[PDB]
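Q: After the structure tokens below, expect a handful of questions from me.
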Amino acid sequence: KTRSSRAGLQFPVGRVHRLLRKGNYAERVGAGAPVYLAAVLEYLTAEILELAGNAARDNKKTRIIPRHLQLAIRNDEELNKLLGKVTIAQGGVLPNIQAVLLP
Amino acid sequence: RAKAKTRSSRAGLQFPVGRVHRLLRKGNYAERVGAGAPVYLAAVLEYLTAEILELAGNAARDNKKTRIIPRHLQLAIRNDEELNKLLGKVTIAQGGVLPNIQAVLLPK
Amino acid sequence: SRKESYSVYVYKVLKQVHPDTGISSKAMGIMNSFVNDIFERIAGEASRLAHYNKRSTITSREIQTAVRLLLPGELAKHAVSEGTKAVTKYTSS
Amino acid sequence: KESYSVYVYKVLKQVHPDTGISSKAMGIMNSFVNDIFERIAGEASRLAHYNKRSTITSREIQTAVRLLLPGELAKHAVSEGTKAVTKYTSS
Amino acid sequence: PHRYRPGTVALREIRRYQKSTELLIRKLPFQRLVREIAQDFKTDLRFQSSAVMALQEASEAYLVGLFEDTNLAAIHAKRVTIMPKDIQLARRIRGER
Amino acid sequence: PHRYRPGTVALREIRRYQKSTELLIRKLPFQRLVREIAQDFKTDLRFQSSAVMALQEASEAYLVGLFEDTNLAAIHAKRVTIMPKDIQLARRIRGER
Amino acid sequence: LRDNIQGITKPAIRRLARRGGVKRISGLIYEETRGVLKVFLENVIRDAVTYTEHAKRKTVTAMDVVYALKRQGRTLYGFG
Amino acid sequence: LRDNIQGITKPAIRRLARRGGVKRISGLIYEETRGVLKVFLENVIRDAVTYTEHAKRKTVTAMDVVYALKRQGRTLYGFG
DNA sequence: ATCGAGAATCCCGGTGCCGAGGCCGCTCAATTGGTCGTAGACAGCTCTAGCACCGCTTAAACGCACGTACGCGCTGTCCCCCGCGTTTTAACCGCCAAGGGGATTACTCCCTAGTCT
DNA sequence: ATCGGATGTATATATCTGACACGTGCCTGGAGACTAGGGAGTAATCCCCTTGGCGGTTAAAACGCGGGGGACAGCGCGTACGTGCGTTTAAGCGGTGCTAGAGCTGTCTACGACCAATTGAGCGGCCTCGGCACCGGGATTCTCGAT
DNA sequence: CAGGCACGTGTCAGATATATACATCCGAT
């Protein structure tokens with residue numbers, strides 16, 4: 001029945017379709033556009049959650065905090081480029097010391 | 001009926017009001033567009049254009065030229081501080097750069 | 001086909017601030033790029049402004065606030081006064 | 001209000017069936033989803049106007065994905081997006 | 001007694017605050033500064049606590065990034081100490097000036 | 001024979017190329033480079049001349065701005081000659097690395 | 001509300017520099033940092049108050065700060 | 001087409017540096033400048049080609065380059 | 001701390017070029033005049049959270065003492081980049097020709113908005 | 001190198017505790033059917049604009065040869081900045097009150113969407129002379145080896 | 001029409017305190 005299950009996703013196709021309609025983006029919204037956008041959003045969320053889960057397990061924790069998300073984003077080559085101009089609240093900074101300051 | 005008198009003339013502006021209203025309506029900015037919004041936007045655009053053209057003509061006369069070239073627009077925009085901040089991320093075609101040599105490079 | 005441009009409008013503004021100054025095709029196409037840039041800049045901010053407050057109409061109030069956000073310092077103070085002056089004249093024909 | 005709290009948590013349970021998520025970390029996930037949503041939808045809206053179109057279809061979402069996301073990240077996002085549309089049409 | 005060599009404790013607390021995720025700025029002085037700045041634009045203005053917290057996070061992140069750029073500029077000039085000329089160079093290159 | 005001292009002719013060229021608005025990169029080599037770069041993305045592309053001109057002007061403006069930032073970085077390090085480390089520092093601070 | 005810019009004490013600036021990876025600090029940094037922080041705060045709060053006034057409100061919500069930061073290119077996650 | 005990066009000759013980079021206000025130029029500047037120019041050109045042309053392909057066209061018009069530049073915040077005036 | 005030979009630069013005049021501006025014809029989009037649905041402006045009520053106050057506790061800021069190491073000025077080496085003259089060489093202008101596809105108009109069909117449940 | 005003294009980090013265990021993940025109720029937003037009309041796919045066509053090639057000029061690039069000035073390494077100094085200790089200030093942290101104002105509902109009215117005539121303003125075609133580019137020569141100003 | 005959003009509730013991952021082991025710095029040596 002639901003379009004999300006008809007497409008094999010977990011993100012809401014109907015909600016994305018409604019947001020596209022109210023969005024004022026265009027006069028008409030196609031049928032496959034919400035499905036495609038929901039699939040893209042699901043893939044990106046899955047990648048973030050994979051890297052964050054690995055970062056959380058490296059710290060002997062079983063729960064994700066913003067620090068793990070920040071570490072996952074900064075330690076990935078391309079996720080850093082995608083969210084370069086984004087500040088994560090309670091994310092901290094990547095531990096890095098220049099070699100010249102070291103004794 | 002009655003004599004047609006354009007909306008730009010009712011407001012005293014030179015930039016079009018009907019064209020701005022049409023572009024706002026067909027630009028998918030919002031479901032509805034108010035009556036005074038095209039008038040206000042046309043007035044703002046006319047003010048900005050006049051403000052730039054004033055300094056562009058000043059630069060043109062300072063170079064003994066009667067016509068305006070992209071160099072004059074470049075000089076006018078970069079010389080004015082507020083125009084510079086408004087258009088700081090804009091590249092003007094055939095405009096060149098502002099003459100500025102660092103003082104240390106100048107010869108002793 | 002019938003392309004649309006601000007060439008007539010820019011030229012009229014030029015002849016009142018500088019009655020004896022011309023403009024080249026290269027320079028005038030830049031002024032067309034500037035106007036279209038600012039038009040999209042102000043209208044985009046106003047479009048977001050109405051969506052933030054769950055509104056459905058772009059009024060002069062939305063355009064006024066967008067001008068106050070985009071234009072810096074004195075450039076915004078004079079633009080607002082010019083914008084409000086036209087609206088009052090338009091409202092009284 | 002409406003959020004992606006139910007949907008994000010489902011994706012996590014598929015990816016890490018034992019790891020959980022805190023309230024403040026998970027709100028950051030919500031703000032990320034709306035940020036990417038407006039990037040692609042905003043870019044796709046420009047593509048329709050650029051081509052004098054009035055409809056947003058799968059061809060405009062696909063191009064917007066390639067424009068925003070970097071090289072290797074966008075290639076799989078297109079593959080995931082294309083896969084869902086074909087399955088949706090068949091079913 | 002014993003005295004640590006200069007720079008060793010300075011090399012520490014980098015390893016602390018790069019692993020720590022606290023705010024490092026006192027909250028009430030920042031709140032007072034925000035209110036003092038904001039009263040110039042509108043008097044009798046009320047602030048949400050989340051608004052002040054968001055302002056604090058954004059300001060601190062901006063300052064941290066500026067300090068990293070300042071450190072890079074200072075190292076570029078074959079120096080270890082950071083001077084305000086490095087802050088001015090970083091801000092000029094970043095487009096803020 | 002009359003030979004100008006090294007500083008003078010450099011400054012003369014600086015003034016000459018700051019007074020003008022010409023394109024400093026040749027046009028056919030730049031067009032060939034653009035076509036080579038565009039072969040990787042899609043074979044058998046037909047560039048419109050105005051597109052190549054816009055690419056040349058944008059690239060030239062970018063290079064001029066980068067060289068300005070490089071010059072300021074060079075002067076910051078008590079130097080006159082720009083070095084590749086100056087370009088690297090400018091690009092790193094600007095956010096391109 | 002007077003002279004609260006000095007509320008940003010010297011040790012706070014040192015702590016921020018240490019998080020930024022700075023080993024040694026000169027005496028004029030403790031004033032240059034206050035100046036740049038004041039400039040940034042004025043720039044953000046001006047837009048935040050503009051949004052608040054447009055919304056016909058007397059309370060500066062966190063969403064106004066989020067919008068003002070997103071306008072300056074500094075998108076912030078965690079507050080909406 | 002191959003090795004056309006060397007078409008950006010040393011005198012051209014020299015003139016660009018002169019317009020940028022550089023007095024003395026190191027020997028290693030030219031190669032770095034060629035690499036930076038190549039990277040920037042690939043970055044812009046990728047988006048321009050994407051815009052061209054989405055329109056089912058085979059010619060890269062000036063508007064595609066303008067839109068690609070505006071996407072990266074360059075916002076070129078003039079053409080289109 | 002000057003001085004003249006020499007080279008780069010500004011200016012004044014004369015000549016030719018092409019495009020900026022003005023005029024004319026003609027559409028089609030802006031204008032008027034109406035109807036009509038509904039967005040929000042306003043009045044009203046609620047609860048809630050932002051502001052103010054007070055008392056306690058102790059963590060952090062501050063001021064000072066002291067040593068030391070690093071920023072800065074100075075000097076010496078040397079090497080490499082710039083100025084200038086000679087020799088290619090390929091950019092550039094002009095011209096010609098061919099065909100690929102980028103805009104256009106006609107026709108149709110089916111995808112999506114709208115309404116109801 | 002080296003060896004011991006002494007700080008500041010990891011690690012293990014007890015001990016709370018308050019967010020986290022899960023039931024529970026409910027209603028409104030998503031789904032399924034059906035209909036109509038305009039957006040877009042497809043065909044066909046014209047011309048224009050991009051590409052390819054050839055020939056001649058010549059300005060620009062490449063190369064070589066001094067040689068002087070700037071980059072870099074080494075030395076010395078002094079003073080400004082860390083590190084530690086005692087003292088003071090105010091930032092959290094816990095309660096209280098208290099009320100301005102954000103937020104949610106109910107009318108209803110002016111305002112914007114929409115459609116049918118109506119016509120003038122802006123756009124395409126097409127001159128034409130004047131601003132501007134170019135050259136030729138002279139006067140002016142800056143530079144550098146010499147006192 | 002059912003899934004997703006208020007609302008309520010048990011409970012255990014994590015913060016804190018304390019004792020113990022240990023990688024690291026520094027002055028002579």
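Every chain in the structure tokens has a letter given in the order shown (A, B, ...), and although residue numbers restart at 1 in each chain, ligands are simply numbered from 1 in the order shown.
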Distance table requested - chain F against chain E, cut-off 10 Å, only C-alpha atoms: one row per qualifying residue with the closest atom pair and its distance in Å to one decimal, ordered by chain and rising residue number, as JSON lines.
A:
{"residue": "F:65", "atom": "CA", "partner": "E:93", "partner_atom": "CA", "distance": 10.0}
{"residue": "F:66", "atom": "CA", "partner": "E:93", "partner_atom": "CA", "distance": 9.5}
{"residue": "F:68", "atom": "CA", "partner": "E:93", "partner_atom": "CA", "distance": 9.3}
{"residue": "F:69", "atom": "CA", "partner": "E:93", "partner_atom": "CA", "distance": 6.2}
{"residue": "F:70", "atom": "CA", "partner": "E:93", "partner_atom": "CA", "distance": 9.2}
{"residue": "F:72", "atom": "CA", "partner": "E:89", "partner_atom": "CA", "distance": 7.9}
{"residue": "F:73", "atom": "CA", "partner": "E:89", "partner_atom": "CA", "distance": 7.7}
{"residue": "F:74", "atom": "CA", "partner": "E:77", "partner_atom": "CA", "distance": 9.0}
{"residue": "F:75", "atom": "CA", "partner": "E:77", "partner_atom": "CA", "distance": 9.6}
{"residue": "F:76", "atom": "CA", "partner": "E:77", "partner_atom": "CA", "distance": 6.8}
{"residue": "F:77", "atom": "CA", "partner": "E:77", "partner_atom": "CA", "distance": 4.5}
{"residue": "F:78", "atom": "CA", "partner": "E:77", "partner_atom": "CA", "distance": 7.5}
{"residue": "F:79", "atom": "CA", "partner": "E:77", "partner_atom": "CA", "distance": 9.5}
{"residue": "F:85", "atom": "CA", "partner": "E:76", "partner_atom": "CA", "distance": 8.4}
{"residue": "F:86", "atom": "CA", "partner": "E:76", "partner_atom": "CA", "distance": 8.3}
{"residue": "F:89", "atom": "CA", "partner": "E:73", "partner_atom": "CA", "distance": 7.6}
{"residue": "F:90", "atom": "CA", "partner": "E:93", "partner_atom": "CA", "distance": 6.9}
{"residue": "F:91", "atom": "CA", "partner": "E:93", "partner_atom": "CA", "distance": 9.1}
{"residue": "F:92", "atom": "CA", "partner": "E:69", "partner_atom": "CA", "distance": 8.5}
{"residue": "F:93", "atom": "CA", "partner": "E:69", "partner_atom": "CA", "distance": 6.1}
{"residue": "F:94", "atom": "CA", "partner": "E:94", "partner_atom": "CA", "distance": 5.3}
{"residue": "F:95", "atom": "CA", "partner": "E:94", "partner_atom": "CA", "distance": 8.2}
Q: Quick one: which residues from chain H are at most 8 Å off chain B, using only C-alpha atoms, as an MDAnalysis selection string?
A: chainID H and resid 19 21 23 73:79
Q: Limited to N, CA, C and O atoms, could you put the picked residues into a file as a tab-separated table (two decimals), in the first residue's frame?
A:
chain	number	residue	atom	x	y	z
H	19	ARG	N	49.88	41.25	-13.01
H	19	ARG	CA	48.58	41.86	-12.77
H	19	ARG	C	48.14	41.65	-11.32
H	19	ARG	O	47.49	42.53	-10.74
H	21	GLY	N	50.19	41.71	-8.89
H	21	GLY	CA	51.05	42.53	-8.07
H	21	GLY	C	52.26	41.83	-7.50
H	21	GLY	O	52.70	42.17	-6.40
H	23	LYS	N	56.26	40.91	-7.65
H	23	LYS	CA	57.50	41.46	-8.19
H	23	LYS	C	58.45	40.37	-8.67
H	23	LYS	O	58.86	40.36	-9.84
H	73	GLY	N	29.75	29.83	-6.51
H	73	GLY	CA	29.84	31.15	-5.92
H	73	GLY	C	30.65	32.16	-6.69
H	73	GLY	O	30.86	33.27	-6.19
H	74	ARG	N	31.13	31.82	-7.90
H	74	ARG	CA	31.95	32.77	-8.65
H	74	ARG	C	31.12	33.90	-9.25
H	74	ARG	O	31.58	35.05	-9.27
H	75	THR	N	29.92	33.60	-9.74
H	75	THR	CA	28.93	34.58	-10.20
H	75	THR	C	29.55	35.56	-11.21
H	75	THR	O	29.84	36.72	-10.92
H	76	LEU	N	29.82	35.03	-12.40
H	76	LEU	CA	30.38	35.82	-13.49
H	76	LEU	C	29.31	36.70	-14.13
H	76	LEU	O	28.24	36.21	-14.50
H	77	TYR	N	29.62	37.98	-14.29
H	77	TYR	CA	28.78	38.92	-15.02
H	77	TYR	C	29.28	39.05	-16.45
H	77	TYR	O	30.41	38.67	-16.78
H	78	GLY	N	28.44	39.61	-17.31
H	78	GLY	CA	28.80	39.72	-18.71
H	78	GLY	C	28.01	38.76	-19.58
H	78	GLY	O	26.87	39.04	-19.94
H	79	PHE	N	28.65	37.66	-19.96
H	79	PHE	CA	28.03	36.63	-20.79
H	79	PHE	C	26.70	36.19	-20.20
H	79	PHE	O	26.62	35.74	-19.05
Q: How far apart are chain E and chain F by Cα RMSD after a least-squares superposition over every Cα, paired in order?
A: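 It is 0.4 Å.
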Q: Which residue is closest to residue C:39? Choose from C:80, C:67, C:87, C:8 and count only C-alpha atoms.
A: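 Ranked by minimum distance to residue C:39, first place goes to C:67.
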Q: Find the residues in chain J near chain H: any atom within 12 Å counts, using only C-alpha atoms (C1' of nucleotides). Write them as a VMD selection string.
A: chain J and resid 49 to 50 60 to 62 69 to 71
Q: For the residues selected in the previous step, produce a file with N, CA, C and O atoms (P, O5', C5', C4', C3', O3' and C1' of nucleotides) as an mmCIF file, in the first residue's frame.
A:
data_model
loop_
_atom_site.group_PDB
_atom_site.id
_atom_site.type_symbol
_atom_site.label_atom_id
_atom_site.label_comp_id
_atom_site.auth_asym_id
_atom_site.auth_seq_id
_atom_site.Cartn_x
_atom_site.Cartn_y
_atom_site.Cartn_z
ATOM 1 P P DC J 49 24.160 32.126 -35.295
ATOM 2 O "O5'" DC J 49 24.871 31.179 -34.225
ATOM 3 C "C5'" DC J 49 24.420 29.836 -34.069
ATOM 4 C "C4'" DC J 49 25.567 28.845 -34.196
ATOM 5 C "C3'" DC J 49 26.968 29.418 -33.975
ATOM 6 O "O3'" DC J 49 27.763 28.436 -33.344
ATOM 7 C "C1'" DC J 49 26.903 28.375 -36.040
ATOM 8 P P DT J 50 28.745 28.813 -32.134
ATOM 9 O "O5'" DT J 50 29.685 27.525 -32.017
ATOM 10 C "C5'" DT J 50 29.101 26.227 -31.991
ATOM 11 C "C4'" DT J 50 29.845 25.271 -32.910
ATOM 12 C "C3'" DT J 50 31.370 25.307 -32.790
ATOM 13 O "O3'" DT J 50 31.839 24.054 -32.310
ATOM 14 C "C1'" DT J 50 30.657 25.263 -35.078
ATOM 15 P P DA J 60 53.067 40.730 -28.564
ATOM 16 O "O5'" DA J 60 53.324 39.256 -28.007
ATOM 17 C "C5'" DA J 60 52.463 38.196 -28.405
ATOM 18 C "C4'" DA J 60 53.144 36.850 -28.233
ATOM 19 C "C3'" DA J 60 53.896 36.670 -26.915
ATOM 20 O "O3'" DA J 60 53.633 35.381 -26.395
ATOM 21 C "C1'" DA J 60 55.338 36.224 -28.723
ATOM 22 P P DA J 61 53.927 35.048 -24.853
ATOM 23 O "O5'" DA J 61 54.835 33.737 -24.925
ATOM 24 C "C5'" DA J 61 54.397 32.624 -25.687
ATOM 25 C "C4'" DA J 61 55.570 31.770 -26.134
ATOM 26 C "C3'" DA J 61 56.507 31.315 -25.017
ATOM 27 O "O3'" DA J 61 56.816 29.947 -25.198
ATOM 28 C "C1'" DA J 61 57.744 32.388 -26.709
ATOM 29 P P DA J 62 57.471 29.094 -24.007
ATOM 30 O "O5'" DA J 62 58.935 28.770 -24.550
ATOM 31 C "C5'" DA J 62 59.093 28.228 -25.851
ATOM 32 C "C4'" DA J 62 60.559 28.129 -26.221
ATOM 33 C "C3'" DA J 62 61.496 27.770 -25.073
ATOM 34 O "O3'" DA J 62 62.457 26.838 -25.528
ATOM 35 C "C1'" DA J 62 62.185 29.805 -26.054
ATOM 36 P P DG J 69 71.922 45.345 -6.702
ATOM 37 O "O5'" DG J 69 70.624 44.826 -5.932
ATOM 38 C "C5'" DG J 69 69.543 44.274 -6.672
ATOM 39 C "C4'" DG J 69 69.044 42.987 -6.036
ATOM 40 C "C3'" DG J 69 68.795 43.057 -4.530
ATOM 41 O "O3'" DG J 69 67.629 42.323 -4.214
ATOM 42 C "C1'" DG J 69 70.251 41.294 -4.991
ATOM 43 P P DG J 70 66.551 42.909 -3.181
ATOM 44 O "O5'" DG J 70 65.759 41.611 -2.694
ATOM 45 C "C5'" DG J 70 65.274 40.682 -3.650
ATOM 46 C "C4'" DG J 70 65.564 39.253 -3.221
ATOM 47 C "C3'" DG J 70 65.151 38.900 -1.794
ATOM 48 O "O3'" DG J 70 64.625 37.590 -1.774
ATOM 49 C "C1'" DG J 70 67.431 38.441 -2.078
ATOM 50 P P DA J 71 63.466 37.194 -0.740
ATOM 51 O "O5'" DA J 71 63.787 35.672 -0.392
ATOM 52 C "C5'" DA J 71 64.042 34.750 -1.437
ATOM 53 C "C4'" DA J 71 64.916 33.609 -0.952
ATOM 54 C "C3'" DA J 71 64.588 33.091 0.442
ATOM 55 O "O3'" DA J 71 64.648 31.677 0.445
ATOM 56 C "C1'" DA J 71 66.854 33.792 0.359
#
Q: Could you list, as a list in words, every residue within 8 Å of stretch 42-56 of chain D, counting only C-alpha atoms (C1' of nucleotides) and ignoring same-chain residues fewer than 6 positions away?
A: residues 25, 26, 27, 28, 29, 30 and 33 of chain A; 63 and 64 of chain D; 55 of chain H; 39 of chain J
Q: Could you name the residues that touch stretch 12-23 of chain K at 12 Å or less, counting only C-alpha atoms (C1' of nucleotides), but leaving out those on the same chain fewer than 3 positions away, as an NGL selection string?
A: (:A and (60-65)) or (:D and (19-22)) or (:J and (7-21))
Q: Deliver the residues from the most recent selection as a file, using N, CA and C atoms (P, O5', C5', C4', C3', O3' and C1' of nucleotides), as a compact mmCIF listing (two decimals), in the first residue's frame.
A:
# COMPACT_ATOMS: atom_id res chain seq x y z
N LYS A 60 34.57 2.43 22.58
CA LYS A 60 34.01 1.51 23.57
C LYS A 60 32.67 2.01 24.12
N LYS A 61 31.88 2.64 23.26
CA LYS A 61 30.53 3.07 23.60
C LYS A 61 29.53 2.38 22.69
N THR A 62 28.30 2.24 23.18
CA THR A 62 27.22 1.61 22.44
C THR A 62 26.14 2.61 22.02
N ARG A 63 26.41 3.91 22.17
CA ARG A 63 25.45 4.95 21.84
C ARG A 63 26.16 6.07 21.10
N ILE A 64 25.46 6.66 20.14
CA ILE A 64 26.03 7.70 19.29
C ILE A 64 25.79 9.06 19.93
N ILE A 65 26.86 9.84 20.06
CA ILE A 65 26.78 11.21 20.55
C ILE A 65 27.22 12.11 19.40
N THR D 19 23.85 -0.74 18.20
CA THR D 19 24.18 0.63 18.57
C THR D 19 22.91 1.48 18.62
N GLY D 20 22.84 2.36 19.62
CA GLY D 20 21.73 3.28 19.75
C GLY D 20 22.13 4.71 19.43
N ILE D 21 21.27 5.68 19.75
CA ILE D 21 21.55 7.07 19.43
C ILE D 21 20.94 7.96 20.51
N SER D 22 21.68 8.99 20.91
CA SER D 22 21.21 9.92 21.92
C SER D 22 20.29 10.97 21.30
P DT J 7 55.54 16.06 42.79
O5' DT J 7 54.49 16.81 41.84
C5' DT J 7 53.37 16.10 41.32
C4' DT J 7 53.51 15.89 39.82
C3' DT J 7 52.21 15.67 39.08
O3' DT J 7 51.66 16.91 38.66
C1' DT J 7 54.00 14.26 38.26
P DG J 8 50.08 17.07 38.43
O5' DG J 8 49.81 16.29 37.06
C5' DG J 8 50.38 16.77 35.85
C4' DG J 8 50.28 15.73 34.75
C3' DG J 8 48.86 15.41 34.29
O3' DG J 8 48.84 15.25 32.88
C1' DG J 8 49.89 13.43 35.06
P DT J 9 47.48 14.89 32.11
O5' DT J 9 47.47 13.29 32.08
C5' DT J 9 46.55 12.60 31.27
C4' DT J 9 47.11 11.25 30.85
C3' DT J 9 46.07 10.23 30.42
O3' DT J 9 46.62 9.37 29.43
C1' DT J 9 47.21 9.42 32.31
P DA J 10 45.75 8.96 28.15
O5' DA J 10 45.55 7.38 28.31
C5' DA J 10 44.79 6.87 29.39
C4' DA J 10 45.11 5.40 29.63
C3' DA J 10 43.90 4.48 29.59
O3' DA J 10 44.31 3.17 29.24
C1' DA J 10 44.72 4.64 31.81
P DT J 11 43.22 2.05 28.89
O5' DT J 11 42.88 1.39 30.31
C5' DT J 11 43.91 0.80 31.08
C4' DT J 11 43.35 0.15 32.33
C3' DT J 11 41.91 -0.36 32.22
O3' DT J 11 41.84 -1.68 32.74
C1' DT J 11 42.15 1.01 34.13
P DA J 12 40.53 -2.59 32.50
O5' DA J 12 40.00 -2.87 33.98
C5' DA J 12 40.87 -3.45 34.95
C4' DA J 12 40.29 -3.34 36.34
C3' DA J 12 38.82 -3.74 36.46
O3' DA J 12 38.62 -4.57 37.60
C1' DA J 12 39.14 -1.55 37.31
P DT J 13 37.27 -5.42 37.76
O5' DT J 13 36.46 -4.63 38.90
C5' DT J 13 37.05 -4.46 40.18
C4' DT J 13 36.21 -3.53 41.03
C3' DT J 13 34.70 -3.80 41.01
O3' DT J 13 34.19 -3.83 42.34
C1' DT J 13 35.13 -1.53 40.59
P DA J 14 32.76 -4.50 42.65
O5' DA J 14 31.93 -3.30 43.31
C5' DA J 14 32.31 -2.80 44.59
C4' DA J 14 31.76 -1.40 44.81
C3' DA J 14 30.24 -1.28 44.81
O3' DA J 14 29.82 -0.48 45.91
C1' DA J 14 31.17 0.26 43.29
P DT J 15 28.32 -0.56 46.47
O5' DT J 15 27.96 0.96 46.80
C5' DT J 15 28.65 2.01 46.12
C4' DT J 15 27.68 2.85 45.31
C3' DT J 15 26.31 2.20 45.08
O3' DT J 15 25.33 2.72 46.02
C1' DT J 15 27.16 3.34 43.12
P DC J 16 24.59 4.14 45.82
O5' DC J 16 23.45 3.84 44.73
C5' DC J 16 22.38 4.76 44.54
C4' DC J 16 22.85 6.00 43.81
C3' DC J 16 21.77 6.72 43.01
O3' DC J 16 22.07 8.10 42.92
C1' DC J 16 23.39 5.86 41.53
P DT J 17 20.89 9.19 42.96
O5' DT J 17 20.54 9.41 41.42
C5' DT J 17 21.55 9.83 40.51
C4' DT J 17 21.01 9.89 39.09
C3' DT J 17 19.49 9.93 38.98
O3' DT J 17 19.11 10.75 37.89
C1' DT J 17 20.30 8.09 37.79
P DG J 18 18.48 12.21 38.14
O5' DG J 18 18.48 12.87 36.69
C5' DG J 18 19.61 12.74 35.84
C4' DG J 18 19.24 12.07 34.53
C3' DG J 18 17.89 12.47 33.95
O3' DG J 18 17.99 12.59 32.54
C1' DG J 18 17.95 10.14 34.24
P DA J 19 18.18 14.03 31.86
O5' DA J 19 18.80 13.69 30.42
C5' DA J 19 17.97 13.12 29.42
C4' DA J 19 18.61 11.88 28.83
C3' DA J 19 17.96 11.37 27.56
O3' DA J 19 18.89 10.59 26.84
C1' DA J 19 17.52 9.85 29.31
P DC J 20 18.69 10.33 25.26
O5' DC J 20 18.96 8.77 25.10
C5' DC J 20 18.57 7.88 26.14
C4' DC J 20 18.39 6.47 25.61
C3' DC J 20 17.73 6.38 24.26
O3' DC J 20 18.00 5.11 23.68
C1' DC J 20 16.20 5.73 25.95
P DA J 21 17.70 4.82 22.13
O5' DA J 21 16.63 3.63 22.18
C5' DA J 21 16.93 2.46 22.92
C4' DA J 21 15.65 1.75 23.34
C3' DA J 21 14.66 1.48 22.21
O3' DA J 21 14.26 0.12 22.25
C1' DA J 21 13.58 2.59 24.01
Q: Per residue of chain F within 10 Å of chain J, note the shortest atom pair and the distance in Å to one decimal, counting only C-alpha atoms (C1' of nucleotides), and order the rows by chain and increasing residue number, as JSON lines.
A:
{"residue": "F:2", "atom": "CA", "partner": "J:144", "partner_atom": "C1'", "distance": 8.2}
{"residue": "F:3", "atom": "CA", "partner": "J:144", "partner_atom": "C1'", "distance": 8.4}
{"residue": "F:4", "atom": "CA", "partner": "J:143", "partner_atom": "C1'", "distance": 7.6}
{"residue": "F:5", "atom": "CA", "partner": "J:144", "partner_atom": "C1'", "distance": 8.3}
{"residue": "F:6", "atom": "CA", "partner": "J:69", "partner_atom": "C1'", "distance": 8.4}
{"residue": "F:7", "atom": "CA", "partner": "J:69", "partner_atom": "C1'", "distance": 9.5}
{"residue": "F:8", "atom": "CA", "partner": "J:143", "partner_atom": "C1'", "distance": 8.7}
{"residue": "F:26", "atom": "CA", "partner": "J:60", "partner_atom": "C1'", "distance": 10.0}
{"residue": "F:46", "atom": "CA", "partner": "J:50", "partner_atom": "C1'", "distance": 6.9}
{"residue": "F:47", "atom": "CA", "partner": "J:50", "partner_atom": "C1'", "distance": 7.8}
{"residue": "F:48", "atom": "CA", "partner": "J:50", "partner_atom": "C1'", "distance": 7.3}
{"residue": "F:49", "atom": "CA", "partner": "J:50", "partner_atom": "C1'", "distance": 8.6}
{"residue": "F:79", "atom": "CA", "partner": "J:71", "partner_atom": "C1'", "distance": 8.1}
{"residue": "F:80", "atom": "CA", "partner": "J:70", "partner_atom": "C1'", "distance": 8.0}
{"residue": "F:81", "atom": "CA", "partner": "J:70", "partner_atom": "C1'", "distance": 8.3}
Q: Please build the interface table for chain A against chain J with a cut-off of 10 Å, listing for each qualifying residue the nearest atom pair and the distance in Å to one decimal; count only C-alpha atoms (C1' of nucleotides), order rows by chain and increasing number, and write it as JSON lines.
A:
{"residue": "A:1", "atom": "CA", "partner": "J:31", "partner_atom": "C1'", "distance": 6.8}
{"residue": "A:2", "atom": "CA", "partner": "J:31", "partner_atom": "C1'", "distance": 7.2}
{"residue": "A:3", "atom": "CA", "partner": "J:31", "partner_atom": "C1'", "distance": 8.8}
{"residue": "A:12", "atom": "CA", "partner": "J:30", "partner_atom": "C1'", "distance": 9.8}
{"residue": "A:13", "atom": "CA", "partner": "J:30", "partner_atom": "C1'", "distance": 9.7}
{"residue": "A:14", "atom": "CA", "partner": "J:30", "partner_atom": "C1'", "distance": 6.4}
{"residue": "A:15", "atom": "CA", "partner": "J:30", "partner_atom": "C1'", "distance": 8.1}
{"residue": "A:18", "atom": "CA", "partner": "J:30", "partner_atom": "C1'", "distance": 9.6}
{"residue": "A:28", "atom": "CA", "partner": "J:39", "partner_atom": "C1'", "distance": 9.5}
Q: Export C-alpha atoms of the chosen residues as a tab-separated table (two decimals), in the first residue's frame?
A:
chain	number	residue	atom	x	y	z
A	1	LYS	CA	0.00	0.00	0.00
A	2	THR	CA	2.56	2.56	1.13
A	3	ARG	CA	4.83	3.93	-1.57
A	12	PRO	CA	8.55	8.29	3.51
A	13	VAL	CA	7.83	8.71	-0.19
A	14	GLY	CA	4.48	10.33	0.58
A	15	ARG	CA	5.92	12.88	3.00
A	18	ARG	CA	4.00	16.48	0.06
A	28	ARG	CA	4.15	20.07	-11.06
